[PDB]
>>> print(open('protein06.pdb').read())   # PDB, C-alpha atoms (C1' of nucleotides) and all ligand atoms
ATOM      1  CA  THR A   7     312.254  15.981  83.923
ATOM      2  CA  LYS A   8     312.037  15.758  80.131
ATOM      3  CA  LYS A   9     309.875  18.878  80.114
ATOM      4  CA  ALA A  10     312.250  20.415  82.662
ATOM      5  CA  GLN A  11     315.488  20.130  80.686
ATOM      6  CA  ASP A  12     314.157  21.250  77.298
ATOM      7  CA  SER A  13     313.541  24.558  79.096
ATOM      8  CA  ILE A  14     317.034  24.582  80.648
ATOM      9  CA  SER A  15     318.441  23.992  77.168
ATOM     10  CA  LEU A  16     316.170  26.660  75.731
ATOM     11  CA  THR A  17     317.271  29.289  78.239
ATOM     12  CA  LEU A  18     320.980  28.438  78.028
ATOM     13  CA  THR A  19     320.831  29.204  74.314
ATOM     14  CA  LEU A  20     318.780  32.368  74.759
ATOM     15  CA  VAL A  21     321.535  34.076  76.736
ATOM     16  CA  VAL A  22     324.334  33.296  74.272
ATOM     17  CA  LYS A  23     322.432  34.964  71.417
ATOM     18  CA  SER A  24     321.060  38.057  73.212
ATOM     19  CA  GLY A  25     322.546  38.851  76.612
ATOM     20  CA  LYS A  26     325.946  39.059  78.260
ATOM     21  CA  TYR A  27     327.832  36.204  79.960
ATOM     22  CA  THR A  28     331.331  34.856  80.629
ATOM     23  CA  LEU A  29     332.950  31.411  80.625
ATOM     24  CA  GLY A  30     335.634  30.438  83.109
ATOM     25  CA  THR A  31     336.435  30.584  86.813
ATOM     26  CA  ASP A  32     338.632  33.695  86.894
ATOM     27  CA  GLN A  33     336.015  35.776  85.081
ATOM     28  CA  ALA A  34     333.346  34.436  87.433
ATOM     29  CA  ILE A  35     335.115  35.484  90.650
ATOM     30  CA  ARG A  36     335.835  39.024  89.465
ATOM     31  CA  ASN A  37     332.140  39.540  88.664
ATOM     32  CA  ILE A  38     330.546  37.989  91.771
ATOM     33  CA  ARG A  39     332.575  40.143  94.153
ATOM     34  CA  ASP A  40     331.356  43.181  92.183
ATOM     35  CA  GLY A  41     327.688  42.139  92.156
ATOM     36  CA  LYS A  42     327.118  41.782  88.417
ATOM     37  CA  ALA A  43     326.170  38.079  88.390
ATOM     38  CA  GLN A  44     322.464  37.310  88.094
ATOM     39  CA  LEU A  45     323.233  33.582  88.119
ATOM     40  CA  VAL A  46     326.172  31.193  88.374
ATOM     41  CA  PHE A  47     326.187  27.764  86.731
ATOM     42  CA  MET A  48     328.714  25.021  87.517
ATOM     43  CA  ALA A  49     329.656  21.568  86.222
ATOM     44  CA  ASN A  50     329.467  18.446  88.339
ATOM     45  CA  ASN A  51     333.216  17.754  88.181
ATOM     46  CA  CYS A  52     334.196  21.285  89.192
ATOM     47  CA  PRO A  53     337.301  20.989  91.391
ATOM     48  CA  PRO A  54     336.291  20.673  95.040
ATOM     49  CA  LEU A  55     338.395  23.469  96.564
ATOM     50  CA  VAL A  56     337.247  25.832  93.809
ATOM     51  CA  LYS A  57     333.573  24.923  94.229
ATOM     52  CA  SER A  58     333.744  25.588  97.970
ATOM     53  CA  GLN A  59     335.105  29.069  97.287
ATOM     54  CA  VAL A  60     332.457  29.895  94.673
ATOM     55  CA  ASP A  61     329.621  28.984  97.041
ATOM     56  CA  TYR A  62     331.144  31.042  99.865
ATOM     57  CA  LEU A  63     331.541  34.083  97.625
ATOM     58  CA  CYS A  64     327.976  33.570  96.396
ATOM     59  CA  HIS A  65     326.285  33.586  99.808
ATOM     60  CA  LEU A  66     328.042  36.834 100.718
ATOM     61  CA  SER A  67     326.781  38.502  97.541
ATOM     62  CA  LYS A  68     323.385  36.719  97.491
ATOM     63  CA  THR A  69     324.196  35.541  93.951
ATOM     64  CA  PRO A  70     322.237  32.334  93.189
ATOM     65  CA  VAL A  71     324.374  29.304  92.293
ATOM     66  CA  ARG A  72     323.087  26.081  90.685
ATOM     67  CA  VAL A  73     324.681  22.859  89.420
ATOM     68  CA  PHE A  74     324.327  21.743  85.793
ATOM     69  CA  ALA A  75     323.847  17.968  85.578
ATOM     70  CA  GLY A  76     326.724  16.961  83.346
ATOM     71  CA  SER A  77     330.488  17.116  83.037
ATOM     72  CA  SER A  78     332.454  20.222  82.099
ATOM     73  CA  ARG A  79     332.369  18.926  78.522
ATOM     74  CA  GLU A  80     328.561  18.916  78.451
ATOM     75  CA  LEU A  81     328.508  22.547  79.545
ATOM     76  CA  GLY A  82     330.882  23.354  76.701
ATOM     77  CA  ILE A  83     328.490  21.630  74.304
ATOM     78  CA  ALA A  84     325.420  23.246  75.902
ATOM     79  CA  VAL A  85     326.491  26.858  75.301
ATOM     80  CA  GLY A  86     328.159  25.919  72.024
ATOM     81  CA  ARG A  87     331.934  25.648  72.427
ATOM     82  CA  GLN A  88     334.557  23.015  71.676
ATOM     83  CA  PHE A  89     336.246  23.328  75.063
ATOM     84  CA  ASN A  90     335.367  22.441  78.633
ATOM     85  CA  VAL A  91     333.581  25.079  80.737
ATOM     86  CA  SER A  92     333.721  24.652  84.523
ATOM     87  CA  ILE A  93     331.820  27.839  85.433
ATOM     88  CA  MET A  94     329.322  29.889  83.441
ATOM     89  CA  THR A  95     328.202  33.274  84.775
ATOM     90  CA  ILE A  96     325.182  35.077  83.341
ATOM     91  CA  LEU A  97     325.309  38.879  83.503
ATOM     92  CA  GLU A  98     322.155  39.793  81.567
ATOM     93  CA  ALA A  99     319.419  37.297  80.738
ATOM     94  CA  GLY A 100     318.419  39.262  77.638
ATOM     95  CA  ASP A 101     315.626  37.125  76.205
ATOM     96  CA  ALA A 102     316.025  34.200  78.592
ATOM     97  CA  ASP A 103     313.578  34.096  81.469
ATOM     98  CA  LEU A 104     315.945  32.305  83.917
ATOM     99  CA  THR A 105     312.946  30.835  85.750
ATOM    100  CA  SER A 106     313.997  27.382  84.499
ATOM    101  CA  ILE A 107     317.152  27.240  86.637
TER
ATOM    102  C1'   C B   1     360.104  18.078 118.549
ATOM    103  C1'   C B   2     357.703  17.326 113.978
ATOM    104  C1'   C B   3     357.347  17.884 108.254
ATOM    105  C1'   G B   4     360.351  18.135 103.957
ATOM    106  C1'   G B   5     364.856  18.852 100.642
ATOM    107  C1'   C B   6     369.849  17.845  98.496
ATOM    108  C1'   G B   7     372.980  13.739  98.283
ATOM    109  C1'   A B   8     370.136  10.371  94.210
ATOM    110  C1'   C B   9     370.528   7.672  89.673
ATOM    111  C1'   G B  10     367.415   3.112  83.107
ATOM    112  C1'   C B  11     367.601   2.690  77.870
ATOM    113  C1'   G B  12     367.010   4.781  72.670
ATOM    114  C1'   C B  13     366.830   6.908  66.866
ATOM    115  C1'   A B  14     366.891  11.911  66.189
ATOM    116  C1'   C B  15     367.086  17.513  66.897
ATOM    117  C1'   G B  16     369.485  21.872  69.338
ATOM    118  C1'   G B  17     373.712  24.728  72.240
ATOM    119  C1'   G B  18     378.771  25.031  74.180
ATOM    120  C1'   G B  19     383.863  23.477  74.450
ATOM    121  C1'   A B  20     388.171  21.062  72.305
ATOM    122  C1'   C B  21     389.960  19.360  67.823
ATOM    123  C1'   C B  22     390.286  20.142  62.501
ATOM    124  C1'   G B  23     390.550  22.968  57.906
ATOM    125  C1'   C B  24     390.604  27.665  54.223
ATOM    126  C1'   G B  25     392.133  32.894  53.614
ATOM    127  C1'   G B  26     394.716  37.194  55.312
ATOM    128  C1'   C B  27     398.848  39.531  57.611
ATOM    129  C1'   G B  28     403.884  39.192  60.781
ATOM    130  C1'   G B  29     408.739  36.358  61.638
ATOM    131  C1'   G B  30     411.706  32.254  59.945
ATOM    132  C1'   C B  31     413.088  27.966  56.345
ATOM    133  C1'   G B  32     413.809  24.713  51.958
ATOM    134  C1'   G B  33     414.733  23.389  47.056
ATOM    135  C1'   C B  34     415.064  25.765  42.497
ATOM    136  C1'   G B  35     416.675  22.210  34.481
ATOM    137  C1'   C B  36     411.689  25.204  33.532
ATOM    138  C1'   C B  37     407.247  27.209  36.870
ATOM    139  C1'   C B  38     406.403  29.422  41.765
ATOM    140  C1'   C B  39     402.844  35.967  45.926
ATOM    141  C1'   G B  40     401.118  27.678  44.499
ATOM    142  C1'   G B  41     405.885  24.005  49.508
ATOM    143  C1'   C B  42     407.082  23.705  55.011
ATOM    144  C1'   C B  43     407.517  25.509  60.516
ATOM    145  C1'   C B  44     405.959  29.239  64.443
ATOM    146  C1'   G B  45     402.121  33.236  65.774
ATOM    147  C1'   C B  46     400.308  31.188  73.118
ATOM    148  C1'   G B  47     396.346  32.894  77.852
ATOM    149  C1'   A B  48     394.546  28.595  83.483
ATOM    150  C1'   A B  49     391.948  28.161  88.389
ATOM    151  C1'   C B  50     389.641  32.117  90.824
ATOM    152  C1'   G B  51     386.828  37.442  91.882
ATOM    153  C1'   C B  52     383.407  41.369  90.052
ATOM    154  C1'   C B  53     379.890  43.317  86.257
ATOM    155  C1'   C B  54     376.966  42.143  81.891
ATOM    156  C1'   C B  55     374.528  38.558  78.471
ATOM    157  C1'   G B  56     372.082  33.622  78.140
ATOM    158  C1'   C B  57     367.640  29.462  73.691
ATOM    159  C1'   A B  58     364.441  25.863  75.743
ATOM    160  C1'   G B  59     361.645  25.308  80.585
ATOM    161  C1'   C B  60     358.731  26.685  84.883
ATOM    162  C1'   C B  61     356.233  31.203  87.250
ATOM    163  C1'   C B  62     353.673  36.679  87.873
ATOM    164  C1'   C B  63     350.378  41.052  86.068
ATOM    165  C1'   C B  64     346.618  43.066  82.619
ATOM    166  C1'   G B  65     342.815  40.876  79.772
ATOM    167  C1'   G B  66     339.320  37.499  77.805
ATOM    168  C1'   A B  67     340.151  34.079  72.704
ATOM    169  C1'   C B  68     338.602  30.172  65.277
ATOM    170  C1'   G B  69     344.966  30.964  67.320
ATOM    171  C1'   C B  70     350.320  29.707  68.880
ATOM    172  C1'   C B  71     353.951  26.315  67.353
ATOM    173  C1'   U B  72     357.928  21.583  66.468
ATOM    174  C1'   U B  73     362.513  17.921  62.185
ATOM    175  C1'   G B  74     358.727  15.072  65.109
ATOM    176  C1'   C B  75     355.195  16.942  68.373
ATOM    177  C1'   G B  76     352.667  19.616  71.652
ATOM    178  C1'   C B  77     349.441  23.622  74.195
ATOM    179  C1'   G B  78     344.932  26.901  75.524
ATOM    180  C1'   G B  79     338.083  29.307  79.655
ATOM    181  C1'   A B  80     341.722  24.519  85.179
ATOM    182  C1'   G B  81     342.830  31.359  80.893
ATOM    183  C1'   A B  82     345.727  31.095  74.491
TER
HETATM  184  K     K C 201     374.023   7.868  94.457
HETATM  185 MG    MG C 202     374.472   5.214  91.731
END
>>> encode(input="protein06.pdb", output="structure tokens")
Amino acid sequence: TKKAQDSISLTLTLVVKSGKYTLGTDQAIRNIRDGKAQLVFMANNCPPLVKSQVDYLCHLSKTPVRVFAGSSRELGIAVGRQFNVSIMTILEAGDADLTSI
RNA sequence: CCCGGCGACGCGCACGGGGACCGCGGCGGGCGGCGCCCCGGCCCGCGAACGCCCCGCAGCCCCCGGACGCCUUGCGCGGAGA
């Protein structure tokens, strides 16, 4: 719990300082179908037709997909932006371990 | 047979575009009065519905691509993609 999230926070910052990533749904689809996505991270108010499609595309590519436990605004705050982020796709973990998940 | 659309819609200060009207100047034709002045006053110079081509701000949409910007008198908009 409390130990769990302070690792999720720690990893989410590690990628945005040293390691590639993209923010947004249209950038996330174009990468998953090409097999570049090590992880996919979604918000809990992600639109329901769009979420269904992201999971289907993920199982075909074997790309892991999790669910961040906050709104699309929290995800914006978490990776350090002033705008809402429905989907975050990590391309290279860099210095993050990604075991936190 | 079923599901829809057009017909089909309130009020308001402002801001913007089109048409008609209205003026000023030129130039073409005609008038008036004129003791002095007057290229200084007056009248007339017109183009429809409809058919074909082109051109149309705002506004909504497509493609690339992935962001400390775009923009109104006022605002407003953008990782749900500027
Ligand atoms: K009516
Ligand atoms: Mg009526």
>>> resolve_selection(input="protein06.pdb", expression="the PyMOL selection byres (((not hetatm)) within 12 of (chain C and resi 202))", output="list in words")
residues 7, 8, 9 and 10 of chain B
>>> resolve_selection(input="protein06.pdb", expression="the PyMOL selection byres ((chain A) within 12 of (chain B))", output="PyMOL selection string")
chain A and resi 27-34+51-56+78-79+81-82+87-95
>>> resolve_selection(input="protein06.pdb", expression="the PyMOL selection byres (((chain A and resi 64) around 10) and not hetatm)", output="ChimeraX atom specification")
/A:35,38-39,41,43,45-46,58-63,65-71
>>> residues_near_point(input="protein06.pdb", point="(365.1, 27.8, 75.6)", cutoff="10 Å", atoms="only C-alpha atoms (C1' of nucleotides)", output="number ranges by chain")
B: 16-17, 56-59
>>> write_last_selection(input="protein06.pdb", atoms="C-alpha atoms (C1' of nucleotides)", output="PDB file, in the frame of the given file")
ATOM      1  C1'   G B  16     369.485  21.872  69.338  1.00  0.00           C
ATOM      2  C1'   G B  17     373.712  24.728  72.240  1.00  0.00           C
ATOM      3  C1'   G B  56     372.082  33.622  78.140  1.00  0.00           C
ATOM      4  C1'   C B  57     367.640  29.462  73.691  1.00  0.00           C
ATOM      5  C1'   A B  58     364.441  25.863  75.743  1.00  0.00           C
ATOM      6  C1'   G B  59     361.645  25.308  80.585  1.00  0.00           C
TER       7        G B  59
END
>>> closest_residue(input="protein06.pdb", among="B:20, B:6, B:14, B:1", to="ligand K 201 (chain C)", atoms="only C-alpha atoms (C1' of nucleotides) and all ligand atoms")
B:6
>>> residues_near_point(input="protein06.pdb", point="(323.5, 40.4, 80.6)", cutoff="12 Å", atoms="only C-alpha atoms (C1' of nucleotides)", output="number ranges by chain")
A: 20-28, 37, 42-45, 95-104
>>> atom_distance(input="protein06.pdb", atom1="CA of residue 105 (chain A)", atom2="CA of residue 83 (chain A)")
21.4 Å
